[PDB]
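No Cβ is skipped: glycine too gets one built from the backbone with ideal geometry, and neighbour counts run over all protein chains shown. Bear in mind that the values in this text are calculations on the coordinates, not laboratory data.
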């Protein structure tokens, strides 16, 4: 870790982002090697930068976040709650289980979005209620390729353009921007335009990414 401190610094200045952490993948041009390096660095970050007062939201459909969780270990309370920030219909179950797994690890409550008033409407509002308490959002960044309209990428299935302007239960982009601390976890040469869009929209406060990606952005 920490082999690219100057690159981190330039990216922080270029994009007006607080923190960039740059990791080296074992296999620098491989998507899976990249996800595992980012996830591992993410696990460590959360081990040293998480507060017991933090209310965590996670983009549970993200495989990079899946990599983070699989790199962390099991005990006293390490957070206030873990809220699932995106839910859809089955995949969906695996995203629910991931959110739960993270709450178990942190020893805290989980707020989940499982997959003619009916109780499951109230379960959804329970999670929606939590969005306003969230203090640390952890999010993956998806690439597109909506496209023809202007979108290059998404956070939580919320799409944005090349400058980060916006173009299923999930947190909105406006709500995301105001969170105390948003951790982005993303790398891959295909994601650069998407990540720059997210950076330019001001959605991220911390980005953890690989060297090649950081150089593409840089």
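Summary table
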quantity: Inter-residue pairs, beta-carbon under 7 Å, first farther than 18 Å from residue 141 by Cβ and in segment 16-32, second surrounded by fewer than 20 Cβ atoms within 10 Å (Cβ to Cβ), 6+ apart; calculated: 24/3; 24/211; 26/33; 27/33; 28/211; 28/212; 29/212
quantity: Among (1) under 11 Å from residue 198 (Cβ atoms); (2) surrounded by fewer than 22 Cβ atoms within 10 Å (Cβ to Cβ); (3) in contact with a strand residue (DSSP E or B) (Cβ under 8 Å, 6 or more places away or on another chain), the one test that residue 144 misses; calculated: (1)
quantity: Top-ranked residue of segment 97-110 - restricted to ones that are touching a strand residue (DSSP E or B) at 6+ places or on another chain (Cβ under 7 Å) and in a helix (DSSP H, G or I), ranked as surrounded by the fewest Cβ atoms within 10 Å (Cβ to Cβ); calculated: 100
quantity: Residues being within 27 Å of residue 114 (Cα to Cα) and buried (at least 20 other Cβ atoms within 10 Å of the Cβ) - total across segment 160-169; calculated: 1
quantity: Residue within segment 113-132 that is touching a helix residue (DSSP H, G or I) at 6+ places or on another chain (Cβ under 6 Å) and either crowded, with 22+ Cβ neighbours inside 10 Å or assigned to a helix (DSSP H, G or I) (or both) present; calculated: yes
quantity: Which numbered condition residue 199 fails, given (1) over 18 Å from residue 16 (Cα atoms); (2) touching a helix residue (DSSP H, G or I) at 6+ places or on another chain (Cβ under 9 Å); calculated: (1)
quantity: Check on residue 151, in contact with a strand residue (DSSP E or B) (Cβ under 9 Å, 6 or more places away or on another chain) and part of a helix (DSSP H, G or I); calculated: no
quantity: Filtered residue count, segment 203-218, keeping only those that are over 14 Å from the mean Cα position of the chain (by Cα) and either surrounded by fewer than 20 Cβ atoms within 10 Å (Cβ to Cβ) or within 23 Å of residue 150 (Cβ to Cβ) (or both); calculated: 7
quantity: Residues of segment 175-194 that turn out to be in a helix (DSSP H, G or I), touching a strand residue (DSSP E or B) at 6+ places or on another chain (Cβ under 7 Å) and buried (at least 19 other Cβ atoms within 10 Å of the Cβ), as a count; calculated: 3
quantity: Conditions (1) outside any loop (DSSP other than H, G, I, E, B); (2) out of contact with any strand residue (DSSP E or B) (no Cβ under 9 Å at 6 or more places or on another chain); (3) closer than 18 Å to residue 152 by Cβ: number failed by residue 163; calculated: (1)
